[PDB]
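Secondary and tertiary structure notes
Here is how the chains run, residue by residue.
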Amino acid sequence: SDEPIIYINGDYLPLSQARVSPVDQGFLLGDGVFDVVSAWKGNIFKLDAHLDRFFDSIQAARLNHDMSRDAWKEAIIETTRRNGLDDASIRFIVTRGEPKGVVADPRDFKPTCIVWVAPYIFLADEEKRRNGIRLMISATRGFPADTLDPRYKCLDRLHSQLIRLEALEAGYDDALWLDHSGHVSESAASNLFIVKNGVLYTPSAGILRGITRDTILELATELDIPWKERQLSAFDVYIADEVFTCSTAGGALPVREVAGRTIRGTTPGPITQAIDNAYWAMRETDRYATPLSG
Amino acid sequence: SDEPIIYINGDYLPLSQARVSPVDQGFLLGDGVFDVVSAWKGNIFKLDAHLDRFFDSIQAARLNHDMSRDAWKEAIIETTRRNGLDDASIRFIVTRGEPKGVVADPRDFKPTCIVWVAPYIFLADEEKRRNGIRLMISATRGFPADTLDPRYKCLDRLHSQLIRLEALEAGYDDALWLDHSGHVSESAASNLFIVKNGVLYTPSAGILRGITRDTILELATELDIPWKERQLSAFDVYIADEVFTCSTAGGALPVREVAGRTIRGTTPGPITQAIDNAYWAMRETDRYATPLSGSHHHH
Amino acid sequence: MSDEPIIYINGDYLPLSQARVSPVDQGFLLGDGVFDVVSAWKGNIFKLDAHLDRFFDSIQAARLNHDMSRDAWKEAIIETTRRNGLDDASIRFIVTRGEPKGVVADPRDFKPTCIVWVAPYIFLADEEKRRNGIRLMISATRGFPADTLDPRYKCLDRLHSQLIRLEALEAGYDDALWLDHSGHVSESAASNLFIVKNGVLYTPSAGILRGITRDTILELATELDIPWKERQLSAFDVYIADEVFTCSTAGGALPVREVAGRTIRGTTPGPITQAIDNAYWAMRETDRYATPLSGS
Amino acid sequence: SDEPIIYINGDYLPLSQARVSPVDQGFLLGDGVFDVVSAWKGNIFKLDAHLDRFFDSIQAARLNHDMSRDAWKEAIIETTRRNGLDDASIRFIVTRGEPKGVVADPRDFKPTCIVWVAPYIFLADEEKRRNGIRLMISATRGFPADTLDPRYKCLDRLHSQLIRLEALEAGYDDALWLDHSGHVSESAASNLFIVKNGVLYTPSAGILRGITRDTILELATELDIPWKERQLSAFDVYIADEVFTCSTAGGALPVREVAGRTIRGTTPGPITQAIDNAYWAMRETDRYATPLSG
Amino acid sequence: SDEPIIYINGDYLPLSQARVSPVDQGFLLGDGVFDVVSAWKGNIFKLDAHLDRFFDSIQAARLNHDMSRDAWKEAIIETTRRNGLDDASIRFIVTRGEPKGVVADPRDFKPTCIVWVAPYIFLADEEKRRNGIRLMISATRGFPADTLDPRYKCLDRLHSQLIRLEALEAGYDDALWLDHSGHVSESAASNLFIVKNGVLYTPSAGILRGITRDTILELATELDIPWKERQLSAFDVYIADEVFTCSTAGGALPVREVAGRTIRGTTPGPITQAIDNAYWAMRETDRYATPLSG
Amino acid sequence: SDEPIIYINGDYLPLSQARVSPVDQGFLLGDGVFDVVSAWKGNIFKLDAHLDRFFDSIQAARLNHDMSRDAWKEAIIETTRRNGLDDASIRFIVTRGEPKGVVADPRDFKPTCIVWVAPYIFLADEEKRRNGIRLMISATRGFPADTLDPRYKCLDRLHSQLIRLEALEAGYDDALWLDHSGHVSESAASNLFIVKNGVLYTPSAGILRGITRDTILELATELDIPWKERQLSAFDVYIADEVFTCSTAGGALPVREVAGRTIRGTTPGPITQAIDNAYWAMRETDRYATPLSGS
Ligand SMILES: *Cc1c(COP(=O)(O)O)cnc(C)c1O
Ligand SMILES: *Cc1c(COP(=O)(O)O)cnc(C)c1O
Ligand SMILES: *Cc1c(COP(=O)(O)O)cnc(C)c1O
Ligand SMILES: *Cc1c(COP(=O)(O)O)cnc(C)c1O
Ligand SMILES: *Cc1c(COP(=O)(O)O)cnc(C)c1O
Ligand SMILES: *Cc1c(COP(=O)(O)O)cnc(C)c1O
């Protein structure tokens, strides 16, 4: 309409009316998980895959609760419909909620359940989408798997907010981080791909397993582009034939420079373009489409 | 009313009316820091040290904002007064707030500022405080300093919520974690102390530098108890003469067992008792006291 | 099969009650020895050659090479089992650096202690837990780095996992898995780990003892056209898996219904777990990889 | 000179008759801890400190058992007398024993308790004591504290047997190992000291806290020699003014070379000699002495 | 007219006269990269692949400069011609050069460009090639990827010179190093292969990606020998059926012993021999050859 | 502009004619160590301490060779005199040299010995020395002690050249690096100090033990400023009361910002200023001075 409409605990409310309690454990302790699915031209894309991953994060965090997957699916679709946006970024969130008493046991909780729908967003302006972004490598490393596993898509992102501040101060568009073995992982919003001698490579470990990343591997196979999940160092990225990131926010995004090394060739390169064009062509098929109308 | 009164962005509102926006970056991204100070019998204890630590976290997270240190002090005192408590647990929080402008630049923001005051809390019931608690060592490690430094007291604690899940499932009262070198660090709420041959030891690195921890070392010196900050492994804890944790939530807390190893001797041990008594004696005094009533200036 | 097990020790067959390890055996004082364990079921030893291969790998890596031939060890394994009158058995064979030889102990110059100990076949859980699944935790203790005491050794140096066992029992779990220092799941003291996700079988790739049961599971998966992958897995992968099971010469495949408070989704045992377990025991009621205690 | 007499589970038996069961968990699983104390000219030295450390390892490994500290002290003295010795190397061992019950629960066990006594031993021959030994640095690292803590003095030493094999193949007297941060730790038998500009230094972490090490720090203080526990790398050792190792087997032992770097100055150096002399002068007294007679 | 002729910044000079400035940043700071290609019987082998790798290292180190790849190729060919060696080891080097102004900015520099041609060299004498060499594992680890990436072939090799000192003092022919996870990486001159149960294995990470290593994998496929890139520990090496290293200096080199463990079976083993013979057969053809033609 | 004069293997030559061979192992393999001492108003400062460290590096790298410590000292002093500078940056270098005999064995070598004298250099311009520099934290870590120990002052610095390119591309004056435990170590040219509540702190491990760093600790004691060597994280630096780096190239250098965190209070802070003032006061005295001219 005017104000965004929020789904929150079963109610649809204008954002200015929707309320998280100041003692919600999602707020005080970061005790929640989330996922983000997108709509393009009236169709939500890979809603089932994103719900699968959401419920994976829920299982690992012991956030299992009574709201069915079907009810979550209905809430996602209906919240999008009520915001009237055909192109949208759709975030769904569950937290451990407000304390039952001062006797807090994370196995005994009433969840906070939210859907927030905003306009579709890219991660760079149109010029940088066409000519490529500049990335740096952060001084901050990714979380080890035995701390807060990167596989979680969760509320605990102060780490990457401070990386963002670092990137902006250094004059870069974004920053990738390494794992503690010095191999390139991902960025806060995106997974990383490189191309070398006609082969597509992407980090294997220490990452959130993006749905866009999954889709790019699927498209590569369909396009007869060989691909490999493997450990990559920054060196691999600097010498690559092509570099791009990918995210639900904008799909594939070409990279023209990493840490002062201009990627050789023209950016975007030919495999980057082929994958990008195939991604957006797939999204006008009925493959993985959930219509907001139908 | 017994409904809590909270400070939020300059207003004092009943908790049920106070609102955090669902798009607050403290909520969506854990982009916020916090601290907790306690009141006992009408005095806040070590308010200045807690404010200094809060503003350290703010500085490191680039959360600098327009509310001064003494405005936070006034908000802390006034929120406590409005809740009618002389014994209290006082949490104060700043977040990067709701996004400002089209493109979110964390250097340009309007903060969310909150004070939440509740009754004073201990980390264990009175029987466990008297006999000592049972701790395990978690399978989850602390954050490396080059990820999310343990020095931040911040909203990003899913890590320790899952550790708590595991501790409860395993039948323990709480869990310590190690750093990635295998040395004991801390727990989510507390720092760790041990005693060996009359000397007090506490981990040196990979921790939140607790104000209770600081106070314990100050008290040890006043009691002529030698102390050392050093790297400790779980082995050191199992074989210690005494073990205790410490937190603003309850002061010192004796530990009778860690990971199936019963700490030898009587629990609480004599140095634990001496430190615990000197702590609460210190707080029946005016030392590091900010009174809830009358003028709050130190003299 | 008596009230007194009979063991092989340095060429002699005698009751365990009488058999003697010296208090100054370096296997005792220093853990300077390696071992392996093979099983017999319904009159057949299973994969004896594979277990002997692994034993002699451990021997080679620890420079425990000695005179007793592989054929001699095979003969002693079979004969010790027969002397105990067992058709179902758990058979442990051990070599140590032995008692000090010479004045200056030099690990290249030694007289080994060679033992075969035979006991009834054992499972790692009782019948109800084999049927419904066990509960595992993740240990606070990590596996050994490859540059300390490589996990590839099957050796006597297991105080590490004895203390893990104490911790698991105190915590109310059936057993504990450990991680490596990168935080990826490795194994347990007795078993390797498998998970199932979306119809694919996964198992840790590094930082483990390469179990013979593990080898067999992968062979059986291929025979059943179940895709499999060796890869790094974190605890997260385990919590979210469709199915989880461990495997060991002690009992074969063992379903897992819960890890660290996360109940594995679906029914335990899951369909791939059941298919592999069934195929394992079917394989062993044949003569595939069988050495008959009979000789026939 | 007849065969050694061993204490085992309350009995004093000739070694040839003393039996560890093939299924003792100390044998099959290395489930046991040990300590070693020495006698010199009729006096056991620092018996109480060694018993304290033994019972520390017992506590950490949950090997608590019924044999009292007094009973262990009595067994240590009596076994030595029973072997007719006035100087001795005395090893005392407790294991988790033979399994008790149907279900192996390490919390419920019957221990194996052993005392093995032999003549006093040094770690190097006369010439090497006089002129110094040659050490290398192993390719094998010490155990991380969260695996099998170095603080345990335990039966699980295949690790250092293989280090010994490598040292002998390489032509060295012994090998030190590093921790995983690359700092020098210890050897299988000894702790490590260096001297630089008149100050004694010794590794602070990742080690067995030797009783000889403790004694060396006490003697340094008596001699007004400043000392520090600190992280040391191999570099620190190569450039040191003096280097020596220490152990109950032989006391201090000078080191003339590490990994091809000859330690500068005369070996043994002046502080090494002062500490060595003060240790043996202490050993000739009754300080920290438990006499074998009276 | 018998001494070596050096290419240096466009001039061909006797080695005696060729000069690196004492303030060249390749000298003072190790600020340079290099590669080495070989000639056999008048053919340079895989010159294009070695140039590809050289320009990879240049790209990663921001050593891009005005000398074209064709110019480098011509300089390599012509320098080899002028030295009159039909069998040769050809080293080509680029450094950041002498500081180019009052502010030293590594982005603005005039390079030092050198080609040095020497006789072809094996890494062991012919008897050791026949019987196999003896390798140890170094106490020194490889560089982490986030320090100085092992993917660089660069001037910064004090690390391996000290490892060589260690190996010689210990009486070994050479030393392998591990990465910080304890898995075998490589040596200063060579990559490492093992054979187990008819399959060829080689480390996957933490290494220079040798061109000889690439060639070995190609030859194995030609010979229908299965191969895998994977993490290997020292244990894997000790128990292997066969072990060999490989390098542009000498091709494949059999290994008969590692760290006191004699590799089982005959050395060289059958797969080692098959690959070695296939390598040298290839070197006697025009495959991948750039002829030296006057 | 007279040409610089270089000491090289016993000869004093104009830089233009001084030659390193393209096959010197210092060039091809980085097989060499070095140190740098400074002269100020005609006095070399702490020459003996720098020679001590140089010969420590030599010992650890087994670069032991025939040129005595006194011959090195005389070469350092004479090379400086011949360049006619009263303020100088003096670098002395030994490498494993050109290969000798028939097979290269690093235990048997003929060294390359060089002294290079240049004008005294600061690490930032006058405005930045006055108001403080801006530092970032590098994505590249320091060398582990069991790879190439940071205690070496050696020729193998491609690592820090690439860190420099990154700092310059990011718009910073320089970059600190951490060790692999995430604690702050040092920069290519300098050690790092912070001040918190009247106490001076500096990293304890994973660093070159600088002579300027040694001097700062000395001066702090002389000024009754407490100090500690300890592990510090980037967090410690952001929240410090004062931050400064130190080097033979320029002494103490104030730091006004690290990685977008402006250091609180006025830069340079009071302890930074007191130490800086005491450093240059010490250097205007006899203390640790070797005069360039005879007496
Ligand atoms: C969500 C996210 C991504 C992108 O995942 P998609 O499923 O493709 O949107 C990448 N990295 C991180 C850290 C993320 O949180
Ligand atoms: C706040 C907290 C403590 C306790 O600190 P105090 O200042 O004594 O209340 C200990 N550890 C962690 C992780 C904490 O967050
Ligand atoms: C022996 C053992 C196993 C199981 O191996 P199997 O050959 O299948 O019996 C697994 N992990 C460890 C650590 C073991 O010692
Ligand atoms: C026992 C031992 C020592 C020496 O300790 P002392 O108490 O002095 O005999 C040193 N290192 C290790 C690994 C040891 O086991
Ligand atoms: C160059 C080199 C090799 C061998 O590579 P080739 O291309 O086969 O000559 C192996 N390891 C290292 C460290 C090297 O520098
Ligand atoms: C030389 C250097 C320093 C400064 O040392 P000074 O002796 O004070 O000049 C600091 N860090 C590194 C890495 C250096 O090489």
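This entry, as listed in the PDB, derives from X-ray crystallography and reports a resolution of 1.6000 Å.

Per the PDB entry, chain C is named Branched-chain amino acid aminotransferase, and its organism is Luminiphilus syltensis NOR5-1B. In the PDB, the structure is listed with the title "Transaminase of gamma-proteobacterium". The Sequence similarities (unreviewed entry) comment attached to chain C in UniProt states, word for word, "Belongs to the class-IV pyridoxal-phosphate-dependent aminotransferase family." The UniProt entry for chain C carries this comment under Cofactor (unreviewed entry): "pyridoxal 5'-phosphate".

Going by what the PDB entry lists, chain B is known as Branched-chain amino acid aminotransferase and is assigned to Luminiphilus syltensis NOR5-1B. Of chain B, the UniProt comment under Sequence similarities (unreviewed entry) reads exactly: "Belongs to the class-IV pyridoxal-phosphate-dependent aminotransferase family." Heading Cofactor (unreviewed entry) of the UniProt record for chain B holds this comment: "pyridoxal 5'-phosphate".

If you tally the helices and strands in chain C, you get eight helices and 16 strands. Its C-alpha atoms give chain C a radius of gyration of 20 Å, within 12% of the compact-globule value 19 Å for 296 residues. Seen through its C-alpha atoms, chain C measures out along the principal axes to roughly 60 × 45 × 35 Å. A buried classification covers 65% of the 296 residues belonging to chain C. Relative to all contacts within chain C whose residues are 6 or more apart in sequence, the contacts with residues 24 or more apart total 70%. The distance from the centre of the 33 positive side-chain charges to the centre of the 42 negative ones in chain C is 3 Å.

A few words on the site of ligand 3. Residues and elements named next belong to chain C. Not every one of the 16 residues close to ligand 3 is listed here, only the nearest: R54, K154, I212, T213 and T249. In the environment of ligand 3, an oxygen atom lies 2.8 Å from a nitrogen or oxygen atom belonging to the side chain of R54. Within the contact set of ligand 3, an oxygen atom lies 2.7 Å away from a side-chain nitrogen or oxygen of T249. Protein chains bury 95% of the 390 Å² of accessible surface belonging to ligand 3 in isolation. Within the residue set of the shell around ligand 3, elements represented by two or more residues are helix 2 (48-61) and helix 6 (212-223).

Taken together, the contact pairs 17 residues of chain F with 14 residues of chain B. Roughly 1,300 Å² of surface becomes buried between chain F and chain B when both sides are summed, with 46% attributable to carbon and sulfur atoms. Three residues stand out in chain F for area buried against chain B, namely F235(F), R261(F) and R264(F), and they jointly supply 43% of the buried area on that side. Residue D56(B) pairs with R264(F) through a salt bridge whose shortest N-O separation is 3.0 Å. Between chain F and chain B we count nine residue pairs in polar contact in total. Listing elements by their share of the side of chain F that touches chain B, those giving two or more residues are helix 7 (234-238) and strand 15 (261-262) of chain F. Counting residues per element, the side of chain F that touches chain B draws most heavily on helix 7 of chain F, which supplies three residues.

Residues and elements named next belong to chain E. Between helix 2 (residues 47-60) and helix 3 (residues 69-83), the shortest axis-to-axis distance is 11 Å and the interhelical angle comes to 125°. Compared by their axis directions, helix 2 and helix 3 come out oblique. Seen along the crossing, helix 2 lies across helix 3 with a hand that is right-handed. Seen from helix 2, the contacting residues are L47, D48, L51, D52, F54 and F55; seen from helix 3, they are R69, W72, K73, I76 and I77. Along the lines of polarity and charge, the residues of the contact of helix 2 with helix 3 split into seven nonpolar, no polar and four charged.

What follows concerns the pairing of strand 5 (residues 88-95) of chain E. Residues and elements named next belong to chain E. By the criterion of burial, strand 5 is predominantly enclosed, with eight of the eight residues buried. Side chains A88, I90, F92 and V94 of strand 5 all project onto a buried face; the interleaved residues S89, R91, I93 and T95 project onto the opposite face, where all are buried too. One ladder, built from eight bridges, connects strand 3 (residues 32-40) with strand 5; its direction is antiparallel. Residue pairing across strands places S38 opposite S89, the latter belonging to strand 5. Bridge count for strand 5 against strand 6 (residues 112-119) is eight bridges, and the pairing is antiparallel. Directly across from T95, in strand 6, lies its bridge partner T112.

Residue and element names in this part refer to chain F. On the basis of which strands lie adjacent, the open sheet formed by seven strands has the order 2-1-6-5-3-4-16 and antiparallel pairing. Each edge of the open sheet carries a strand with a single partner, namely strand 2 (11-14) and strand 16 (289-291). Looking at each pair of strands side by side, their axes are set apart by 30° on average, direction ignored. In the sheet, strand 1 (residues 5-8) pairs with strand 6 (residues 112-119) via two bridges, with the strands oriented antiparallel. When the sheet's bridge partners are listed, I8 is paired in strand 6 with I114.

This next bit is on the site of ligand 2. Residues and elements named next belong to chain B. Inspection of the region around ligand 2 gives 16 residues, with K153, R157, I211, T212 and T248 positioned closest. The backbone of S187 places a nitrogen or oxygen atom 3.4 Å from a nitrogen atom of ligand 2. Contact between ligand 2 and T248: an oxygen atom at 2.6 Å from a side-chain N or O atom of the residue. The fraction of the free accessible surface of ligand 2 (380 Å²) that becomes covered by protein chains is 95%.

Attention now goes to the pattern of salt bridges. The full count for this structure, using the stated rule, is 144 salt bridges over all chains. Salt-bridge contacts for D48(B) lead to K73(B); the nearest nitrogen and oxygen are separated by 3.3 Å. Residue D48(B) is found in helix 2 (residues 47-60), and its partner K73(B) is found in helix 3 (residues 69-83); the two are separated by 25 residues along the sequence. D48(B) sits in the partly exposed class, given a relative accessible area of 36%. On the basis of relative accessible area, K73(B) is assigned to the buried category, the value being 12%. With its nearest N and O atoms 2.7 Å apart, the salt bridge here joins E223(C) to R288(C). Taken as a pair, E223(C) in helix 6 and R288(C) in the loop between helix 8 (271-284) and strand 16 (290-292) lie far apart in primary sequence, 65 residues in all.

Turning next to unusual backbone geometry. If a residue is not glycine, its phi is most likely negative; likewise, a peptide bond is most likely trans. For the peptide bond that leads from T267(A) to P268(A), omega is 0°, which places it in the cis range. Its location among the elements puts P268(A) in the loop between strand 15 (261-262) and helix 8 (270-282). Omega for the peptide link from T267(B) to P268(B) comes to 0°, which places this bond in the cis form. In this fold, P268(B) is placed in the loop between strand 15 (261-262) and helix 8 (270-283). Unusually for a residue other than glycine, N9(A) sits at a positive phi of about 55°. One non-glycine residue, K47(C), lies in the positive phi region at around 60°. For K47(C), the location among the structural elements is in the loop between strand 4 (44-46) and helix 2.

So, about the packing of aromatic side chains. We describe a pair of aromatic rings using the distance from one ring centre to the other and the angle between the two ring planes. Following the criterion strictly, the structure yields 92 aromatic pairs over all chains and no others. The interplanar angle of 90° and the centroid separation of 6.0 Å between the aromatic rings of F45(D) and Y288(D) together place this pair among those described as edge-to-face. Of this pair, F45(D) sits in strand 4 (residues 43-45) while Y288(D) sits in the loop between helix 8 (270-284) and strand 16 (289-291); the two residues are 243 residues apart in sequence, bridging distant segments of the chain. A residue is classified by how much of its surface remains accessible, and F45(D), at 7% relative accessible area, is buried. Judged by centre distance (5.1 Å) and plane angle (70°), the rings of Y120(E) and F122(E) are edge-to-face. Relative accessible area serves as the criterion here: at 28%, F122(E) is assigned to the partly exposed category.

Attention now goes to the interface of chain D and chain C. With 54 residues of chain D at the contact, the number on the chain C side is 55 residues. Of all residues in chain D, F27(D), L158(D) and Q161(D) bury the most surface against chain C, accounting for 16% of the area lost on that side. Across the contact surface, chain D and chain C share four salt bridges. Taking the shortest distance from any N to any O, the salt bridge between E169(D) and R63(C) comes out at 3.1 Å. Among the elements of the structure, helix 1 (25-28), strand 5 (88-95), strand 6 (112-118) and helix 5 (158-169) of chain D are those that each provide at least two residues to the side of chain D that touches chain C. Counting residues per element, the side of chain D that touches chain C draws most heavily on helix 5 of chain D, at eight residues. Classifying every residue of the side of chain D that touches chain C gives 26 nonpolar, 14 polar and 14 charged.

About the thresholds
- For each chain, numbering begins from 1 and proceeds through the sequence as written. The entry may number the same residues differently, and residues missing coordinates are not shown.
- Starting at A for chains and at 1 for ligands, labels are handed out in the order in which the entities are written.
- Working from all heavy atoms in the structure, the side-chain values ignore hydrogens and water.
- UniProt positions are given in the numbering used here, feature names are shortened, and annotations may be inferred rather than shown by experiment.
- Secondary structure follows DSSP: runs of H or I at least 4 residues long count as helices, runs of E at least 2 residues long count as strands, and numbering of each begins at the N terminus.
- In this treatment the radius of gyration is a C-alpha quantity, and the globule benchmark scales as 2.2 Å times the residue count to the 0.38 power.
- Note on classification: 1.4 Å probe, protein chains only; a residue is buried when its accessible area is under 20% of the maximum for its type, exposed when over 50%, partly exposed between these limits.
- What makes two residues a contact is simply this: any of their non-hydrogen atoms within 4.5 Å.
- Here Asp and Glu are counted as negative and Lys and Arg as positive; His is not counted, and neither are the chain ends.
- One atom stands in for each charge, and that atom is NZ of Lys, CZ of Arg, CG of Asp or CD of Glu.
- For this purpose, a residue is taken to be near a molecule or strand whenever a single non-hydrogen atom of the residue falls within 4 Å of it.
- Residues adjacent in sequence count toward polar contacts only when both atoms are side-chain atoms; beyond that, a polar contact is any pair of N or O atoms within 3.5 Å, and within protein one must be able to donate a hydrogen and the other to accept it.
- Accessible surface area values rest on a Shrake-Rupley calculation with a 1.4 Å probe, where residue burial reflects the displayed protein chains alone.
- The quantity reported as buried area is the accessible area (1.4 Å probe) lost by two parts once they are put together, taken as the sum for both.
- Salt bridges are defined by distance alone: a side-chain nitrogen of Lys or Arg within 4 Å of a carboxyl oxygen of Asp or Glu.
- Axis angles are defined between N-to-C directions and span 0 to 180 degrees, where every axis is a line fitted to C-alpha atoms and, for a helix, only to the segment in contact.
- Orientation is classified from the angle alone, with under 35 degrees giving roughly parallel, over 145 giving roughly antiparallel, 65 to 115 giving roughly perpendicular, and any other angle giving oblique.
- Left-handed describes a crossing in which the near helix is turned anticlockwise from the far one by less than a right angle; the clockwise case is right-handed.
- Think of it as three bins: nonpolar holds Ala, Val, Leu, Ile, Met, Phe, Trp, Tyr, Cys and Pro, charged holds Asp, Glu, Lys and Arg, and polar takes everything else, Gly as well.
- Strand pairing is defined by DSSP finding a minimum of two bridges between the two strands.
- Pairing of aromatic side chains here covers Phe, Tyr and the six-membered ring of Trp, requires ring centres within 6.5 Å, and sorts the geometry by plane angle: under 30 degrees stacked, over 60 edge-to-face, intermediate tilted.

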